[PDB]
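Take a look at the letters that make up each chain.
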Amino acid sequence: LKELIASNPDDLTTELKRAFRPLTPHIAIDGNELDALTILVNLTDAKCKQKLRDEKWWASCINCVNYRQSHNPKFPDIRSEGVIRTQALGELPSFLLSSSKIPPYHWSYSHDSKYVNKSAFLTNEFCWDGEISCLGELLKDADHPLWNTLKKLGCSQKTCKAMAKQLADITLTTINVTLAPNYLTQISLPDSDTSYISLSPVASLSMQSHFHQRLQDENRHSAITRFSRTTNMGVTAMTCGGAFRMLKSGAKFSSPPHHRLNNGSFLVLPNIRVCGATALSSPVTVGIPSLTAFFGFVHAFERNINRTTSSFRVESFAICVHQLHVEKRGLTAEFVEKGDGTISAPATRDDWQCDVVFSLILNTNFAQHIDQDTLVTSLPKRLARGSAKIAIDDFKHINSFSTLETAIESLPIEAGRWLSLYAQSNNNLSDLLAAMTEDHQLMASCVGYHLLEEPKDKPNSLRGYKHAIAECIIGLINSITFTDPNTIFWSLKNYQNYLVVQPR
Amino acid sequence: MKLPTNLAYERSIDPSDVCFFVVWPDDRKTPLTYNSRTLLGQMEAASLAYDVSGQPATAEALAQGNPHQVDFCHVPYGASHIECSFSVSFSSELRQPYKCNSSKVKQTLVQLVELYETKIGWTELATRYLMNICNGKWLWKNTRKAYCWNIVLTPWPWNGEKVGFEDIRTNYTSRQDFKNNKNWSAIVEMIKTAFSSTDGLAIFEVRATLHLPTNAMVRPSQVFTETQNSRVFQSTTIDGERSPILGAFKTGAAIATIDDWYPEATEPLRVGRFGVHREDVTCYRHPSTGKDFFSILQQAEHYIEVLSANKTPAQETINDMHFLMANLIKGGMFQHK
Amino acid sequence: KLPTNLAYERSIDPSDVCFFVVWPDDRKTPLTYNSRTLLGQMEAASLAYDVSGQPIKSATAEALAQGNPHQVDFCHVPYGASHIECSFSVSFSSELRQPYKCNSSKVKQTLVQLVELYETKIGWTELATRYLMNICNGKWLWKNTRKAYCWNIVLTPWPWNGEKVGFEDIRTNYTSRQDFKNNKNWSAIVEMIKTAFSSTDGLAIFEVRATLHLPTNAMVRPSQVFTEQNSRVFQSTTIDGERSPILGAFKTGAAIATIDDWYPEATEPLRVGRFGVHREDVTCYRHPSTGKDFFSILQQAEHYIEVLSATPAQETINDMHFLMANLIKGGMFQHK
């Protein structure tokens, strides 16, 4: 997009370093490639490489497409040992998001700290006239243009080009993460009615660049999160070393009315206070936690309390966030072994976390209450790594009403913001920031998982279940002053390619 | 013995924040606030005047002060005292593995915990956990330089009164001092029933009064982040204000500060795999000394059969028993790599 | 010798001062202040003369007669008040006995043995007397007691069996160091500062108030802010919903820790520090080219240990008073 008519900003040489590593649209060349590749060969090991291009040329720079990948398992925990070069399988409704809506070409190299200077010549982008991709895909044929520095720069002999043709034939299908042993985040959810699935969410540097670049104008939504330290996470972290900006609401909490008025089986739970929760839920947003955390909380509650009454079937849930405060605290680990004999702390990561005060009203199938000796000892103490508890002078308001409108005046808390979603076309980021500044008490949480693999199975899973690989969905969360109970009451549905908590 | 490829235990104690309130002599409660403050210090470092052993720094360049910026919190003028409210919940998740890749170490370690709690009761670990809630070790340095402080708690499940300790610097010095009040016995035994039974629970809500001097300073916890703002505080939003909290993983380290059985054993430590200290930093029970957790867990096969006989040595075996039990209460991810 | 992580923490903790007017009714109101804009002459030397020499042609005779406006925060004693009362509290603790962080356990036992040898061969009398003579004579009322009629100080110590301690008419009576020692309980409140420093977890707490009889509509001078327009902005608070000026928290601590007169020329006391900074004269004493900074003495601890284990008062006693009065306030001694 920056052609030869304005290729010289005349400040210094940061333009080539900016345009090599992908967070931004690229520059187009036609025949002026000798300005780049006389620096490019001299990047490793300016009109000097013309008798020594042919050294460090056997397999070293060629092997760095095998370590190049589409999705990054080292975010935000760098000891992962993977490579993932497979986009997706399925399509979505338009109000949800994934790494499928935006073009897959910003892929890079994340393997090593000493081989940072070896990711050249095969990982960058050229953008001749459109259909912008990397160099390894468009260089698999015999008849190819722009080969002037093959017929002229005589240091490059014709003995290893065919190896580069035959080595990069099929690489779009190889996935190999090994769970024995690493630091891989792994999760379980009921996809069918009985057969659970142990999936595993990962991060896309392409989605990271999309969500990265636009916010430089809008510093009102800036959340700088410096990570592990830029040595081994990957050069996509070296490109924006320090900033790593992400999405947040841009406004604090406010004062609503909970209600203006004054099925059944409504189980009422007030005054849940969660200290030390997880605010960095998605790879890209900073704010309220996931909705799969609330789903996992509710499913763990019913899988506790179905000892006697195995008909409980909470099947849906409404959430009412009464108070939300989010700030920076960090987290101290505990000096685990570095491998040989030395005891010292691991790498330093920066952390957002939150104190959430909220009340739930479940819509079960069991006709009455359970106990008050054994209601409190049936509820988990955990919500997205936090500590989630109820005050013991407040156990009296747990009950089972038989209609919705009588449940609202039995909450002694009285500030609302019930949670629904915004089901309109938001297929990029720009139609989100052009969708936020009207009321700007609005949130962009985690809504579900778009899968990648089939699934299949391989040994060291959670509990023998089947291990798929997935990515997150970055849908929008809005609020209701509160009347129809089906714009509320989220529920988990499976569409054979994704998982989304939907309001029925 | 060999540990499996994955192995982890969920934790068994989980506390909350310690939110501060100030009370006025007409008995009304308001949250406590703080402010930033910039301040003129001196050139006092050693890198400013030395390089390795020699000097780089003139006598009028050491005499020019420098600005910093701190947060600052104190007790407002004309107040009675400070209230501090807190919650904790003892449960039973020290007996079920959360994740295991095998069946032999599963049955081995569950029969280890049943043989333990049959032959040696839970009275030592519960009377160690409980007298860190009843003297206020969850108030680092706030208890120092104060006139007096008092603790009350409401247990659950309970019928009767609120349990109350008063004037803890004076008369609750030691073990017998806790042991001979009215109802130490019921609150110890309910922790014991929480640990012993499957899927049980025992909750306590604690609140303290702290009686500080005039415009005394309050010392909450600080943030972890690698211009000039040193001393940032961790805050919350409480009923319209932004107030200091004193930690959420910090108070758990106050409760679990019980490790006293290590090869020199001067003062109690926070429990962990390696015996890490941080003031006068070093790691005794080093993993080459054979007394870390990953050695006792390997010797647990021997420790199965030694709790089938009659007389334990009571020094070198039950201290390993208490240490292994305390780390099972603490938490897991024992994946050896 | 400087083991790359070493730290102490303070053993003397003071607090904000607070100001109240008393009326002839004896009711007490918080002292307040307010900003005001005023008109000054152009009395610089830089709008008239250039740098290094000849005066400017742009500063004419009717540009130097223009007048510029400024804002100051102004504070005075109201008309009809009786006097001012100022209150604060100090707290002598025992935190000098052991270092708070010490990487190598070899210099740690050296420092512990040094503190114990200093405790047992020299008293705690000299440092405790030098600290207590600054609290009960109004050194902490920085330049308020200058241009006043009298000021009186009242102490409430803890722990204490008896009465409040009273120093009255401090300009007339309490002029010297002997004038304290013939108060009827001077030697009973030094001993509690002594046993505060001597015991493993000892403690002493003083609560101090002082009355100031300033003249009519007199000026009151509180501490100021570090602003990087308004000149003379005050440090404030909120007492009884009002806004009141304070006079410092760290400024009060700097007021009772000026005991250093052991330096080479040795004329008048100054703030205990590492490199001996004087504030009027903007040079320093105790410079690292004179061998009298704190680090050149901290790297002689074994020589001091062997000389305290058998002392004449030429400079060795003075250098260890300096080392101990710099551990009572101390902080990081790391060098990265």
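Residues numbered from 1 in each chain as written, not as in the entry; some residues may be left out. Chains lettered and ligands numbered in written order. Part of a larger assembly, values for the part shown. Heavy atoms only, no water.

- Determination of this PDB entry was carried out by cryo-EM to a resolution of 3.21 Å, according to the record.

1. Some points on the overall build of chain A
Here comes step 1: Within chain A, the regular secondary structure consists of nine helices and 18 strands.
Here comes step 2: Principal-axis analysis of the C-alpha atoms gives chain A an extent of 85 × 50 × 45 Å.
Here comes step 3: Per-residue burial for chain A yields a buried fraction of 49% across its 504 residues.
Here comes step 4: Seen as two clouds, the 50 positive and the 49 negative side-chain charges of chain A have centres 5 Å apart. (Helix = DSSP H or I, 4+ residues; strand = E, 2+ residues; numbered from the N terminus. Buried < 20%, exposed > 50% of the residue type's maximum accessible area, 1.4 Å probe, protein only. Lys, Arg positive; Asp, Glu negative; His and termini not counted. Charge placed at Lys NZ, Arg CZ, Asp CG, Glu CD.)

2. Quick look at the overall build of chain C
Here comes step 1: Summing up its helical and strand segments, chain C has eight helices and 14 strands in all.
Here comes step 2: Judged by the C-alpha coordinates and their principal axes, chain C covers about 75 × 60 × 35 Å.
Here comes step 3: Within chain C, the proportion of its 336 residues that are buried is 48%.
Here comes step 4: With the model as given, the accessible surface of chain C reaches about 17,100 Å², and the carbon-plus-sulfur share is 48%.
Here comes step 5: For chain C, the distance from the average site of its 34 positive side-chain charges to the average site of its 35 negative ones is 1 Å. (Areas by Shrake-Rupley, 256 points an atom, 1.4 Å probe, with all protein chains shown as cover.)

3. Observations concerning unusual backbone geometry
Here comes step 1: The peptide bond linking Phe75 of chain A to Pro76 of chain A adopts the cis configuration, its omega dihedral lying at -5°.
Here comes step 2: Along the chain, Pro76 of chain A turns up in the loop between β2 (71–72) and β3 (108–109).
Here comes step 3: In the segment running from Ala180 of chain A into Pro181 of chain A, the intervening peptide bond is cis, with an omega of -20°.
Here comes step 4: Structurally, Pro181 of chain A is set in the loop between α5 (161–167) and β4 (187–190).
Here comes step 5: Despite not being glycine, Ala384 of chain A has its phi angle at roughly 55°, a positive value.
Here comes step 6: The partly exposed category is assigned to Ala384 of chain A, whose relative accessible area is 25%.
Here comes step 7: A positive phi angle, close to 60°, is found at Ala265 of chain B, a residue other than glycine.
Here comes step 8: Of note, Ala265 of chain B is situated in the loop between α5 (250–255) and α6 (293–296).
Here comes step 9: Residue classification places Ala265 of chain B among the partly exposed positions, given a relative accessible area of 28%.

4. A word on the interface of chain A and chain B
Here comes step 1: Each partner contributes residues to the interface: chain A has 37 residues there, and chain B has 39 residues.
Here comes step 2: For the pair chain A and chain B, the summed buried area comes to about 3,300 Å², and 53% of that belongs to carbon and sulfur atoms.
Here comes step 3: When residues of chain A are sorted by the area they lose upon contact with chain B, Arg329, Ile343 and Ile392 of chain A head the list and together hold 19% of the total.
Here comes step 4: The interface formed by chain A and chain B holds four salt bridges in total.
Here comes step 5: Salt-bridge contacts for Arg382 of chain A lead to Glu10 of chain B; the nearest nitrogen and oxygen are separated by 2.8 Å.
Here comes step 6: Taken together, the connections running from chain A to chain B amount to ten residue pairs in polar contact.
Here comes step 7: Mapped by element, the contributors of at least two residues to the side of chain A that touches chain B are β7 (266–275), β8 (317–328) and β11 (386–390) of chain A.
Here comes step 8: In terms of residue count, the dominant contributor to the side of chain A that touches chain B is β8 of chain A (four residues).
Here comes step 9: Within the side of chain A that touches chain B, the residues separate by chemical class into eleven nonpolar, eleven polar and 15 charged. (Contact = heavy atoms within 4.5 Å. Buried area = accessible area lost by both parts, 1.4 Å probe. Salt bridge = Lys/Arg side-chain N within 4 Å of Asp/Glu carboxyl O. Polar contact = N/O pair within 3.5 Å; in protein donor to acceptor, adjacent residues only side chain to side chain. Nonpolar A, V, L, I, M, F, W, Y, C, P; charged D, E, K, R; others polar.)

5. A few points about the pairing of β7 of chain A
Residue and element names in this part refer to chain A.
Here comes step 1: The element β7 is extensively covered by neighbouring structure, given that eight of its ten residues are classed as buried.
Here comes step 2: Sheet topology places β7 next to strand β9 (residues 352–363); seven bridges connect them, and they run antiparallel. Looking at the pairing, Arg273 lines up with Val357 of β9.
Here comes step 3: By the bridge criterion, three bridges tie β7 to strand β12 (residues 399–401) in an arrangement that is antiparallel. Counterpart to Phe266 in the pairing with β12 is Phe401.
Here comes step 4: Pairing geometry for β7 and β11, over four bridges, is antiparallel. (Pairing = 2+ DSSP bridges.)

6. Thoughts on the pattern of salt bridges
Residue and element names in this part refer to chain C.
Here comes step 1: Counted under the stated rule, the structure contains 31 salt bridges over all chains.
Here comes step 2: For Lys194, the salt bridge identified is with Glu191, shortest N-O distance 3.9 Å. Of this pair, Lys194 and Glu191 are both found in helix α4 (residues 190–198), three residues apart, which corresponds to roughly one turn of the helix.
Here comes step 3: Judged by its relative accessible area of 14%, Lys194 falls in the buried class.
Here comes step 4: Taking relative accessible area as the criterion, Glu191 reaches 40% and is therefore assigned partly exposed.
Here comes step 5: In the salt-bridge network here, residues are joined through shared partners; they are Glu126, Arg130, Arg177 and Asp261.

7. Observations concerning the interface of chain C and chain B
Here comes step 1: Taken residue by residue, the interface counts 47 residues in chain C and 39 residues in chain B.
Here comes step 2: Contact with chain B buries area across many residues of chain C, yet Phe226, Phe275 and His335 of chain C alone supply 16% of it, more than any other trio.
Here comes step 3: In this structure, the connection of chain C to chain B is made through two salt bridges.
Here comes step 4: The partner of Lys145 of chain B in a salt bridge is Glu95 of chain C, with the nearest N and O atoms 2.8 Å apart.
Here comes step 5: At the surface where chain C touches chain B, the tally comes to eleven residue pairs in polar contact.
Here comes step 6: Put simply, the parts of the chain that give the side of chain C that touches chain B at least two residues each are β2 (18–22), β6 (83–93), β7 (101–102), α1 (105–121), β10 (203–212) and α6 (294–298) of chain C.
Here comes step 7: Residue classes in the side of chain C that touches chain B are distributed as 18 nonpolar, 14 polar and 15 charged.

8. Observations concerning the arrangement of the chains
Here comes step 1: The chain pair with the greatest number of contacts, out of two pairs of chains in contact, is formed by chains B and C.
Here comes step 2: Chain C makes no contact with chain A, the minimum C-alpha separation between the two being 14 Å.

9. What about a positive patch on the surface?
All names here are of chain C.
Here comes step 1: On the surface, a cluster of positive charge is made up of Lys143, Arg146, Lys147, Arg171, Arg221, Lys251 and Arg279.
Here comes step 2: Tracing the backbone through its elements, the reader meets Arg146 in the loop between α2 (125–135) and β8 (151–158).
Here comes step 3: Overall, the relative accessible area of 65% leaves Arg146 in the exposed class. (Patch = residues over 30% accessible without salt bridge, like charges linked within 9 Å, V, L, I, M, F, W, Y side chains within 5 Å.)

10. Details of the packing of α1 of chain C against helix α8 (residues 316–327) of chain C
Residue and element names in this part refer to chain C.
Here comes step 1: Packing of α1 against α8 brings their axes to within 12 Å, and their N-to-C directions diverge by 120°. Of the two possible hands of crossing, α1 and α8 adopt the one that is left-handed. Mapping the contact onto sequence places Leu114, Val115 and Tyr118 in α1 and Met320, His321, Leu323, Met324 and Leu327 in α8.
Here comes step 2: Per-class residue counts for the contact of α1 with α8 are seven nonpolar, one polar and no charged. (Axes fitted to C-alpha atoms, helices over the stretch in contact; angles between N-to-C directions. Left-handed = near helix turned anticlockwise from the far one by under 90°.)

11. Description of α1 of chain C
In an α-helix, one turn spans 3.6 residues, which is why side chains three or four residues apart end up on the same side.
Residues and elements named next belong to chain C.
Here comes step 1: Counted at 1.5 Å a residue, the expected span for α1 with its 17 residues is 24 Å, and the 25 Å between its end C-alpha atoms agrees.
Here comes step 2: Listed as buried for α1 are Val107, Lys108, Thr110, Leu111, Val112, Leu114, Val115, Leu117 and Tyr118.
Here comes step 3: At its buried positions, α1 is contacted by β1 (6–7), β7, α2, α6, α7 (301–307) and α8. (Expected span 1.5 Å × (residues − 1).)

12. A short note on the packing of aromatic side chains
Here comes step 1: This model, assessed by the stated rule, comprises 42 aromatic pairs over all chains.
Here comes step 2: In this structure an aromatic cluster arises from ring pairing among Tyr50 of chain B together with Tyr8, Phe275, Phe294, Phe295 and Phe333 of chain C.
Here comes step 3: For the cation-ring pair, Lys151 of chain A lies above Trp147 of chain A, with the distance from its terminal atom to the ring centre recorded as 3.6 Å.
Here comes step 4: Stacked on the ring of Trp142 of chain C, the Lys or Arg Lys251 of chain C has its end atom at 4.5 Å from the ring centre. (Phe/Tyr/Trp six-rings, centres within 6.5 Å; stacked < 30°, edge-to-face > 60°. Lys NZ or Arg CZ within 6 Å of the ring centre and 35° of its normal.)

13. A few points about the nonpolar core
Here comes step 1: By size, the foremost hydrophobic cluster in this structure holds 89 residues, and its most contacted members are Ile84, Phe92, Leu114, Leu127, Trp140 and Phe167 of chain C.
Here comes step 2: Counting 81 residues, the second-largest nonpolar core is a separate cluster that includes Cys73, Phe165, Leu246 and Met325 of chain B. (Core = buried A, V, L, I, M, F, W, Y, C linked by side-chain atoms within 4.5 Å.)

14. Things to note about the sheet that holds strand β15 (residues 470–473) of chain A
Residue and element names in this part refer to chain A.
Here comes step 1: In space, the four strands of this open sheet follow the order β15-β14-β18-β17, with antiparallel pairing throughout. Lying at the two open borders of the sheet, with one neighbouring strand each, are β15 and β17 (491–494). Ignoring strand direction, the axes of neighbouring strands in this sheet form an average angle of 30°.
Here comes step 2: The pairing of β17 with strand β18 (residues 498–502) spans four bridges and is classified as antiparallel. Of the residues in β18, the one forming a bridge with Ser491 is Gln502.

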